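Undergrad: I'd like to ask some things about the structure below.
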Amino acid sequence: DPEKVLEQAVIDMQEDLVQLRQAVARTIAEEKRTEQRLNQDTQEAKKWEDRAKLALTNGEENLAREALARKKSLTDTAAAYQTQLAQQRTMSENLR
Amino acid sequence: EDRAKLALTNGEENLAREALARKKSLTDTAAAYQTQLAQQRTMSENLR
Amino acid sequence: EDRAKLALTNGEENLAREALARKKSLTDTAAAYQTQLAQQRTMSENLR
Amino acid sequence: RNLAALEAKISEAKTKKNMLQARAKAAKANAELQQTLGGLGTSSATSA
Amino acid sequence: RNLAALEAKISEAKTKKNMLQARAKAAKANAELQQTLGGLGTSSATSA
Amino acid sequence: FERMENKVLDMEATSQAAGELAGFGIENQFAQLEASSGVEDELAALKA
């Protein structure tokens, strides 16, 4: 009977749309986690910059350049996480 | 409403607006009971 | 429609257009039920 | 110098691979959701 | 000097961990209360 | 640090699980209700 078949098809669509809600919730967690990662990496980059300011105040340009190399690594890693975040933002909107 | 008049006499407009929100809820509930009463009036006359 | 009037009073044209899209869906659904009702009226008179 | 280079290479390689795996899995999940949203309900609609 | 540094490190680490554990538990409890306030009564409302 | 990181990942997952769904239109209706409550406070101030 076509009425029973189309009712069952719409029931199966309830299970599929619940899987799509789980995929949205996963994608939402990935954007939030990559934001959290780049936010803490940029806060650590400030700590290493302040360690460089302390080293320069003591005249240790060697330690200041080493601390700035940590700053460079962290800000480049945060830019990689912003690039990943752009993929998660567009995917999150696509599933939405 | 009289609690709101006391609040306004004390200058507490926050408490006056909160008391007026109770007034709104009660008068809307009384209008729901008047709507129910209209159904009971017509049913009472129908059975009579 | 009254939710759209509240949204326009707050300046939220986005929410007003979204509420008007609910109004459109409901009035089109009511016109479908009026079209169905016309079939039931003629069938009711035919059986009568 | 060999140890310092070795640890730097390992640390960068592992973290770049891990974030690439995570973003690749998220990208294919978003694409799979477009394919299910395009294909779902079709056999039920034809049967109705 | 080793003992003075060791006791300072232990004291700071333990107190920072303890307050972080307490604030993390409070934060998840507040979030769980938003989820229950959003989800509660829904099946009873549908049944009514 | 590993146990704390597992709780941070649980809090990020919880924050996405709320954030990708809980943006409900009813929260704009609650903001319109708060504006209506502000109008009742302004009417009480006008009466005073």
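Labels for the structure tokens follow display order: chains A, B, ..., residues from 1 in each chain, ligands from 1.
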Within 12 Å of residue 37 of chain F, counting only C-alpha atoms, which residues qualify if same-chain residues fewer than 2 places away don't, as a ChimeraX atom specification?
TA: /B:13-25 /F:30-35,39-44
Undergrad: Put chain C on top of chain B with a least-squares fit on all C-alpha atoms, paired in order, and send it back as an mmCIF file with N, CA and C atoms, in the first residue's frame.
TA:
```
data_model
loop_
_atom_site.group_PDB
_atom_site.id
_atom_site.type_symbol
_atom_site.label_atom_id
_atom_site.label_comp_id
_atom_site.auth_asym_id
_atom_site.auth_seq_id
_atom_site.Cartn_x
_atom_site.Cartn_y
_atom_site.Cartn_z
ATOM 1 N N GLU C 1 -2.501 45.981 42.163
ATOM 2 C CA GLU C 1 -2.505 47.381 41.743
ATOM 3 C C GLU C 1 -2.238 48.333 42.918
ATOM 4 N N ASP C 2 -2.832 48.084 44.082
ATOM 5 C CA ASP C 2 -2.573 48.877 45.285
ATOM 6 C C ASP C 2 -1.131 48.697 45.786
ATOM 7 N N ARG C 3 -0.553 47.497 45.658
ATOM 8 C CA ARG C 3 0.878 47.257 45.910
ATOM 9 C C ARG C 3 1.757 48.058 44.945
ATOM 10 N N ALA C 4 1.358 48.188 43.679
ATOM 11 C CA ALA C 4 2.032 49.068 42.726
ATOM 12 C C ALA C 4 1.912 50.550 43.132
ATOM 13 N N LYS C 5 0.749 51.015 43.607
ATOM 14 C CA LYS C 5 0.564 52.398 44.098
ATOM 15 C C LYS C 5 1.452 52.703 45.306
ATOM 16 N N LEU C 6 1.606 51.749 46.225
ATOM 17 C CA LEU C 6 2.553 51.850 47.340
ATOM 18 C C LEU C 6 4.006 51.912 46.842
ATOM 19 N N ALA C 7 4.387 51.049 45.898
ATOM 20 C CA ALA C 7 5.721 51.062 45.304
ATOM 21 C C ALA C 7 6.039 52.394 44.600
ATOM 22 N N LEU C 8 5.107 52.936 43.807
ATOM 23 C CA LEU C 8 5.242 54.248 43.159
ATOM 24 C C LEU C 8 5.313 55.400 44.172
ATOM 25 N N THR C 9 4.572 55.311 45.280
ATOM 26 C CA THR C 9 4.657 56.283 46.384
ATOM 27 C C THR C 9 6.044 56.273 47.043
ATOM 28 N N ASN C 10 6.688 55.105 47.129
ATOM 29 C CA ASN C 10 8.077 54.957 47.580
ATOM 30 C C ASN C 10 9.133 55.220 46.478
ATOM 31 N N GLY C 11 8.719 55.430 45.223
ATOM 32 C CA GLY C 11 9.602 55.638 44.065
ATOM 33 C C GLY C 11 10.208 54.362 43.451
ATOM 34 N N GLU C 12 9.799 53.171 43.890
ATOM 35 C CA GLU C 12 10.290 51.879 43.384
ATOM 36 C C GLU C 12 9.531 51.426 42.126
ATOM 37 N N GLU C 13 9.818 52.061 40.987
ATOM 38 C CA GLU C 13 9.208 51.717 39.692
ATOM 39 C C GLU C 13 9.450 50.254 39.283
ATOM 40 N N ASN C 14 10.585 49.667 39.674
ATOM 41 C CA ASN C 14 10.877 48.249 39.446
ATOM 42 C C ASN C 14 9.824 47.334 40.106
ATOM 43 N N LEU C 15 9.529 47.551 41.390
ATOM 44 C CA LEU C 15 8.512 46.812 42.129
ATOM 45 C C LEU C 15 7.104 47.112 41.602
ATOM 46 N N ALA C 16 6.841 48.355 41.191
ATOM 47 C CA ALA C 16 5.564 48.723 40.593
ATOM 48 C C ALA C 16 5.300 47.965 39.281
ATOM 49 N N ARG C 17 6.285 47.886 38.379
ATOM 50 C CA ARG C 17 6.189 47.108 37.132
ATOM 51 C C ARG C 17 6.030 45.610 37.402
ATOM 52 N N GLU C 18 6.742 45.057 38.384
ATOM 53 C CA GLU C 18 6.566 43.658 38.799
ATOM 54 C C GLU C 18 5.152 43.375 39.334
ATOM 55 N N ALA C 19 4.604 44.256 40.171
ATOM 56 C CA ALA C 19 3.241 44.151 40.678
ATOM 57 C C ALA C 19 2.195 44.292 39.555
ATOM 58 N N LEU C 20 2.396 45.218 38.615
ATOM 59 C CA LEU C 20 1.547 45.339 37.428
ATOM 60 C C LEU C 20 1.617 44.092 36.535
ATOM 61 N N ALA C 21 2.751 43.390 36.465
ATOM 62 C CA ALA C 21 2.827 42.109 35.762
ATOM 63 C C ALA C 21 1.958 41.027 36.438
ATOM 64 N N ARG C 22 1.832 41.032 37.778
ATOM 65 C CA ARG C 22 0.844 40.171 38.469
ATOM 66 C C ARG C 22 -0.582 40.587 38.105
ATOM 67 N N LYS C 23 -0.877 41.894 38.073
ATOM 68 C CA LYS C 23 -2.197 42.414 37.665
ATOM 69 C C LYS C 23 -2.587 41.935 36.264
ATOM 70 N N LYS C 24 -1.673 42.050 35.294
ATOM 71 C CA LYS C 24 -1.844 41.569 33.913
ATOM 72 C C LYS C 24 -2.155 40.074 33.864
ATOM 73 N N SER C 25 -1.360 39.254 34.551
ATOM 74 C CA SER C 25 -1.591 37.806 34.623
ATOM 75 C C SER C 25 -2.971 37.453 35.191
ATOM 76 N N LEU C 26 -3.374 38.104 36.283
ATOM 77 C CA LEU C 26 -4.668 37.868 36.914
ATOM 78 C C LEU C 26 -5.835 38.317 36.032
ATOM 79 N N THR C 27 -5.777 39.499 35.415
ATOM 80 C CA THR C 27 -6.880 39.973 34.561
ATOM 81 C C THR C 27 -7.008 39.157 33.270
ATOM 82 N N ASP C 28 -5.898 38.703 32.687
ATOM 83 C CA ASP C 28 -5.919 37.770 31.555
ATOM 84 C C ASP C 28 -6.487 36.398 31.955
ATOM 85 N N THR C 29 -6.173 35.917 33.160
ATOM 86 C CA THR C 29 -6.740 34.668 33.691
ATOM 87 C C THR C 29 -8.247 34.811 33.946
ATOM 88 N N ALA C 30 -8.692 35.957 34.466
ATOM 89 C CA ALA C 30 -10.109 36.260 34.630
ATOM 90 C C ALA C 30 -10.848 36.333 33.280
ATOM 91 N N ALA C 31 -10.225 36.873 32.227
ATOM 92 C CA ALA C 31 -10.781 36.861 30.871
ATOM 93 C C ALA C 31 -10.873 35.438 30.279
ATOM 94 N N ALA C 32 -9.913 34.557 30.579
ATOM 95 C CA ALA C 32 -10.009 33.138 30.235
ATOM 96 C C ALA C 32 -11.188 32.461 30.962
ATOM 97 N N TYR C 33 -11.364 32.718 32.260
ATOM 98 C CA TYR C 33 -12.520 32.233 33.020
ATOM 99 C C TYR C 33 -13.860 32.844 32.566
ATOM 100 N N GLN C 34 -13.906 34.087 32.078
ATOM 101 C CA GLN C 34 -15.092 34.663 31.424
ATOM 102 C C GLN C 34 -15.399 33.961 30.086
ATOM 103 N N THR C 35 -14.369 33.581 29.331
ATOM 104 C CA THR C 35 -14.524 32.826 28.074
ATOM 105 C C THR C 35 -15.078 31.420 28.346
ATOM 106 N N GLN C 36 -14.539 30.733 29.357
ATOM 107 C CA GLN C 36 -15.065 29.464 29.870
ATOM 108 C C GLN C 36 -16.511 29.620 30.362
ATOM 109 N N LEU C 37 -16.797 30.679 31.123
ATOM 110 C CA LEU C 37 -18.134 30.986 31.622
ATOM 111 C C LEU C 37 -19.136 31.140 30.483
ATOM 112 N N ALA C 38 -18.770 31.789 29.377
ATOM 113 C CA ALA C 38 -19.647 31.894 28.217
ATOM 114 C C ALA C 38 -20.049 30.513 27.672
ATOM 115 N N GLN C 39 -19.118 29.550 27.642
ATOM 116 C CA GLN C 39 -19.439 28.169 27.248
ATOM 117 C C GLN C 39 -20.386 27.500 28.253
ATOM 118 N N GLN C 40 -20.170 27.725 29.551
ATOM 119 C CA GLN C 40 -21.038 27.163 30.583
ATOM 120 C C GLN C 40 -22.435 27.793 30.563
ATOM 121 N N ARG C 41 -22.569 29.104 30.325
ATOM 122 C CA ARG C 41 -23.862 29.791 30.186
ATOM 123 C C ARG C 41 -24.683 29.223 29.034
ATOM 124 N N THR C 42 -24.092 29.085 27.846
ATOM 125 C CA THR C 42 -24.819 28.512 26.703
ATOM 126 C C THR C 42 -25.155 27.039 26.925
ATOM 127 N N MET C 43 -24.243 26.237 27.484
ATOM 128 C CA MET C 43 -24.528 24.834 27.797
ATOM 129 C C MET C 43 -25.645 24.688 28.843
ATOM 130 N N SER C 44 -25.631 25.527 29.877
ATOM 131 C CA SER C 44 -26.631 25.566 30.947
ATOM 132 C C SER C 44 -28.026 25.857 30.388
ATOM 133 N N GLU C 45 -28.138 26.853 29.508
ATOM 134 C CA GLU C 45 -29.380 27.144 28.788
ATOM 135 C C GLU C 45 -29.802 26.025 27.824
ATOM 136 N N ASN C 46 -28.863 25.373 27.135
ATOM 137 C CA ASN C 46 -29.175 24.247 26.251
ATOM 138 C C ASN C 46 -29.799 23.083 27.033
ATOM 139 N N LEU C 47 -29.187 22.673 28.148
ATOM 140 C CA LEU C 47 -29.734 21.606 28.984
ATOM 141 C C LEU C 47 -31.068 22.008 29.634
ATOM 142 N N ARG C 48 -31.219 23.268 30.065
ATOM 143 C CA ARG C 48 -32.473 23.817 30.608
ATOM 144 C C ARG C 48 -33.619 23.710 29.602
#
```
Undergrad: Could you name the residues that touch residue 19 of chain D at 9 Å or less, counting only C-alpha atoms, but leaving out those on the same chain fewer than 5 positions away, as a PDB file with N, CA and C atoms, in the first residue's frame?
TA:
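Listed below is the output, out_10.pdb:
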```
ATOM      1  N   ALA A  80      46.874  28.325  11.319  1.00  0.00           N
ATOM      2  CA  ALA A  80      46.456  27.007  10.841  1.00  0.00           C
ATOM      3  C   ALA A  80      45.091  26.601  11.433  1.00  0.00           C
ATOM      4  N   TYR A  81      44.881  26.798  12.737  1.00  0.00           N
ATOM      5  CA  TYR A  81      43.584  26.569  13.380  1.00  0.00           C
ATOM      6  C   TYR A  81      42.480  27.532  12.905  1.00  0.00           C
ATOM      7  N   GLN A  84      41.555  25.905   9.483  1.00  0.00           N
ATOM      8  CA  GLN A  84      40.691  24.778   9.847  1.00  0.00           C
ATOM      9  C   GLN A  84      39.295  25.259  10.264  1.00  0.00           C
TER      10      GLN A  84
ATOM     11  N   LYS D  14      53.521  15.481  13.820  1.00  0.00           N
ATOM     12  CA  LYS D  14      52.390  14.874  14.526  1.00  0.00           C
ATOM     13  C   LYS D  14      51.218  15.841  14.655  1.00  0.00           C
ATOM     14  N   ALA D  24      39.866  16.860   7.650  1.00  0.00           N
ATOM     15  CA  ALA D  24      39.460  15.973   6.560  1.00  0.00           C
ATOM     16  C   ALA D  24      38.197  15.169   6.916  1.00  0.00           C
TER      17      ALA D  24
END
```
Undergrad: Superimpose chain E on chain D so that the squared distances between all in-order C-alpha pairs are minimised, and send the result as a compact mmCIF listing (two decimals) with C-alpha atoms, in the first residue's frame.
TA:
```
# COMPACT_ATOMS: atom_id res chain seq x y z
CA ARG E 1 71.80 19.46 17.17
CA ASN E 2 70.53 16.15 15.71
CA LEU E 3 68.24 15.60 18.77
CA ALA E 4 66.92 19.21 18.68
CA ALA E 5 66.08 18.87 14.95
CA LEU E 6 64.56 15.36 15.46
CA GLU E 7 62.21 16.51 18.28
CA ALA E 8 61.17 19.64 16.31
CA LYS E 9 60.41 17.53 13.16
CA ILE E 10 58.39 14.94 15.14
CA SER E 11 56.39 17.58 17.10
CA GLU E 12 55.42 19.59 13.99
CA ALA E 13 54.68 16.47 11.88
CA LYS E 14 52.39 14.87 14.53
CA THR E 15 50.37 18.05 15.25
CA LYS E 16 49.97 18.93 11.50
CA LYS E 17 48.84 15.33 10.70
CA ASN E 18 46.38 15.28 13.65
CA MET E 19 44.69 18.60 12.68
CA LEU E 20 44.64 17.56 8.97
CA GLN E 21 42.95 14.22 9.91
CA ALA E 22 40.35 16.07 12.04
CA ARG E 23 39.57 18.68 9.30
CA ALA E 24 39.46 15.97 6.56
CA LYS E 25 36.95 13.90 8.65
CA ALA E 26 34.82 17.03 9.26
CA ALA E 27 34.94 17.97 5.52
CA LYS E 28 33.76 14.48 4.37
CA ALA E 29 31.03 14.47 7.07
CA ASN E 30 29.70 17.83 5.73
CA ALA E 31 29.78 16.45 2.14
CA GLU E 32 27.98 13.20 3.21
CA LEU E 33 25.26 15.37 4.86
CA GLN E 34 24.72 17.18 1.50
CA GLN E 35 24.35 13.77 -0.24
CA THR E 36 21.80 12.46 2.35
CA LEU E 37 19.83 15.78 2.28
CA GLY E 38 19.70 15.48 -1.57
CA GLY E 39 18.73 11.74 -1.62
CA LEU E 40 16.45 11.17 1.45
CA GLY E 41 12.65 10.53 1.30
CA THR E 42 12.69 10.00 -2.54
CA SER E 43 11.48 6.33 -2.57
CA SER E 44 8.76 7.15 0.05
CA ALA E 45 7.61 10.15 -2.07
CA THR E 46 7.43 7.97 -5.25
CA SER E 47 5.47 5.29 -3.28
CA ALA E 48 2.97 7.93 -2.02
```
Undergrad: Among chain F, which ones does DSSP assign to helix (DSSP H, G or I) (computed from the backbone)? Answer as a ChimeraX atom specification.
TA: /F:2-19,26-47
Undergrad: Between atom CA of residue 77 of chain A and atom CA of residue 49 of chain A, what is the spacing in Å?
TA: 15.6 Å
Undergrad: Considering only C-alpha atoms, extract the chain F residues located within 12 Å of chain A and return them as a ChimeraX atom specification.
TA: /F:5-6,8-23
Undergrad: State, in Å with one decimal place, the distance from atom CA of residue 50 of chain A to atom CA of residue 76 of chain A.
TA: 18.0 Å
